[PDB]
RNA sequence: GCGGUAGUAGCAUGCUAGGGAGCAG
RNA sequence: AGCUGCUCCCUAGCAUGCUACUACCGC
Ligand SMILES: [Zn+2]
């Protein structure tokens, strides 16, 4: 289960980075920090809370049209 | 490779030698067909060698350029494939804490900061309508990210503080609806 | 390989061969026209195969010297670029203060880590946090390297202009914080 | 050794180059006409010339690589992020370089979970990932040079240890070579600063004829050329979040250090059965040869290994100088004496105190080795052997001499102290004797700081040879670091080889009729290389395939591991290669309408191909 | 009937050169 | 954007070597 969290954190940071999020230094520092904690986590719960904290960054933006990319 | 012109000549020579060895008549008359048949495999395996290597040459070059075409078409679409792959993995993940905020953002509750994780610390969640208010905020408690927050500073879009008891259905079309409802974690 | 002295001779030999084969007079005729195709073949052996190798050699040499010509052009271009860089960067350094600091050396050889110290016309500070900012660049003027500098154009990590009133204690967590203060040499 | 002490008193602002304003074509330049080291004193140029008419290509090259006129025309810099002495800022705004995360290759992960991998509670899990770094990543790692302190060395013992370390390197041969004998693999690398603004090393190796290089290399035997060095971050898989920095030296350093050192360098990389094992391969039964070389004849062995914590920055400056001197101790005929001293001065001015250009501004590197110059991998080995001999000397001297019963090592102790402190010149009889004793009781195997030591044990228990505490003490008081006893292991049953060497474990398996030692890797490393990649080319196996072949080659020896969940990695790799091949054929068939008329590719998805590479019969 | 040389094709080994990728310090 | 070292894969070339077929030459 945790491996899914690590892989999706890698993908999330990839999409965020290509979303020109590294042009705001504090934002990029927070994102990189959270990524490195997720990758070095040993239990699944704090991984998930850091995961949702990281996802909130992408959610706050308005570049990824969400109702489309969730076509199910 | 049998559809080459030299194969016909080789076949005629082979038939001639088969007839000769089936008759076994002379010593030199058949030896003619070692000066005319041993040659017949000289303009045959010289013409049927180069074409066979040409076939694999063409195949290897075609594969190389197909791979180059695929490589140029892949690195030019990354910023759609990354998002598709991400959302497929997310819906595979199946965690309620995620689904809550994903649905909420799908209808409008986009937070205006990083969701804090400490028991303290502040959160601000845009709410653009009233039906959205019905599900999330009830009284004084704010339900979001599968957590329990405390409502404190409802405000309209023209930067005017709007009280909590004012929020109701009939008087809802009286406010700048993009509310920014600041709260704190349990 | 079709316009060589040997194509004509081989053609004549084979023409005689076919003419007298259609005639078909004697076995010695066949022997002669076989020993003619078996010598005039040497003619097309070397006249059209060793010259087939000279072309390969000549092409190899021509491409080699083409490559060497390009090699010797790139040298001229890099030389021009390097000399222009030297002559354009020299133009900024020769202030009179450099003359004053070198002429007073016992020999004329001054250390390198004191030339910018006593001659540079602009200082660049980098501060990690407000605590270090207060003990280094507080106010519009400050003194470093036993000189007097005045501050202008304060910027941050995103390289956006930040005015001096913003950097208080409580406003500090709202700034990208490798702040880079640049100052001029007051006199 | 005395200048290292009497230089921590004078201001650190009056060191480095000793530039002077010379005139060329009626224009005043600023060129470096000397140097001022902490450990070598003042050194003056010999062929400096005022009033030059026109500059040649060599003059332009040597005047575009000096930091003198670079720094002397830049704005001052006061940097509070670091404690290292900043110098100047060429630009007008510092640049912050970040490190991106690695890409995900999902299809292989889907295949892995399909076969029953990554189940919770398994012995194989992901640990090697592509970490990311924030803005000020480079400088936060260059700051680690604050672990370098001016150190004093016990000289009356160094002038015995250097003799023994030199005797370790007598079988080889070296000397200066001409321009037409250098060998340069991969001639399309960067050319350092400021040359990387114009082209890779090919242009600078092409535009210079075979006499310009020799004129330059003979010029630096009477002169000093200070250089600037760039610092770059690596982009590679890792098991810890700390970033890695490597130094890209300018072309003017390598272009001459190669000609100086190449004969010796390629004479070490082509010798088999020695102490240093650079060059010897682990394939085709080479690893077994190493392991049986080290076990050679020691009586009651017990293994011992280690690795140095951050070797390149904690290393003092005396040991680097000694290493360079031991490397240059073979030019007894090609160079006279002053050529050798000026070449040593050029080395120390290039890779021991040069002006590091970290980011967009010159800094000053205090000390330690630069990891990207010509001779890191051999200087590290020399320094490692020095540490070993120092530990042996310390352990043999510091022992109650009335307790030793072997009447022969008591005499070794006595004459060892005699030749160490009392005497003044070499005692090659006793140096030979000590070398014999060492190689008889302390067999060794070396790479660049990754060592293995097989020692007689019924001696080290009595302090007659080194132990693992002795390296701790020596590192403490000389290298100025603490050797935590969680990086150095110790084994006692040689039937299992070293616990770890070059990051590969050793297993004794049955090959054919006999027993061999194979190195198997860490399975998480293999799986992490499978999943996490860069670019986008590699999220699709069809375009590459070959990397899976190489990884299956590396991940073979796990097939003989008793642990079940190790061999399945190899089997998964085989099945994935098969799927890749027979889906590539289908895709090409459906785009075109014929297939690969002949391939003979089946050998790739059968174990016979991979088995060949661990059997002693080379087929290169 | 042998030898030798000249040719042509096929095959092997090795050396150099060029390109791609992976591991270790 | 570093210095080495080992290993795989593809192609080219030269040389060497091996084998087969044809021609010439005397013996
Ligand atoms: Zn020499």
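Numbers in chain D track Swiss-Prot; the residues on display, in order, are 4704-5323.
Each Cβ is built from the backbone N, Cα and C atoms, and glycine gets one as well.
Residues or ranges marked as region 'RdRp Fingers N-ter' in Swiss-Prot: D:4759-4973.
Annotation comment: Swiss-Prot describes D:4879, D:5034, D:5037, D:5038 as Zn(2+) 10 binding site, evidence class experimental evidence. Listed in sequence order, D:4877, D:4878, D:4879, D:5043 are the same-chain residues six or more apart from residue D:5034 (Zn(2+) 10 binding site) with CB atoms under 8 A from its CB.
The region 'Interaction with RMP Remdesivir' annotation in Swiss-Prot covers D:4937-4947. For the region 'Interaction with RMP Remdesivir' (D:4937-4947), the residues of the chain that approach it from at least six positions outside its boundaries are 4802-4803, 4805, 4830-4834, 4836, 4840-4841, 4843-4844, 5228, 5231-5232, 5235, 5237, judged by C-beta separation under 8 angstroms.
The region 'RdRp Palm N-ter' annotation in Swiss-Prot covers D:4974-5012 and is backed by sequence analysis. Within the region 'RdRp Palm N-ter' (D:4974-5012), the DSSP-based counts of helix, strand and coil residues read 8 helix, 7 strand, 24 coil.
The domain 'RdRp catalytic' annotation in Swiss-Prot covers D:5004-5166.
Per Swiss-Prot, region 'RdRp Fingers C-ter' is recorded for D:5013-5071.
For D:5072-5207, the entry in Swiss-Prot reads region 'RdRp Palm C-ter', with the evidence type sequence analysis.
The active site annotation in Swiss-Prot covers D:5151 (among others) and is backed by sequence analysis. Taking Cβ-Cβ distances under 8 Å and a sequence gap of 6 or more within the same chain, the neighbours of residue D:5151 (active site) are D:4981, D:5079, D:5080, D:5081, D:5083, D:5084.
The annotation active site is assigned in Swiss-Prot to D:5152 (among others) on the grounds of sequence analysis. Using a 10 Å Cβ-Cβ cutoff, residue D:5152 (active site) registers 18 neighbours.
Mapped onto three states, the DSSP output places residue D:5153 (active site) in coil. The Cβ of residue D:5153 (active site) lies under 8 Å from the Cβ of D:5010, D:5204, D:5205, each on the same chain and at least six residues away in sequence. Annotation source Swiss-Prot lists active site at D:5153 (among others).
The Cβ of D:5037 has fewer other Cβ atoms within 10 Å than any other of the binding-site residues D:4879, D:5037, D:5038. Only D:4879, D:5037, in sequence order, out of the recorded positions D:4879, D:5037, D:5153 have a CB under 6 Å from ligand 1.
Excluding the listed site residues D:4879, D:5034, D:5037, D:5038, the same chain places D:4878, D:4963, D:5036, D:5042, D:5043 with Cβ atoms within 8 Å of the centre of the Zn(2+) 10 site Cβ atoms. The two recorded residues, residue D:5038 (Zn(2+) 10 binding site) and residue D:5152 (active site), have Cα atoms 30 Å apart. Each residue contributes its Cα atom, and for residue D:5037 (Zn(2+) 10 binding site) and residue D:5152 (active site) those atoms are 30 Å apart.
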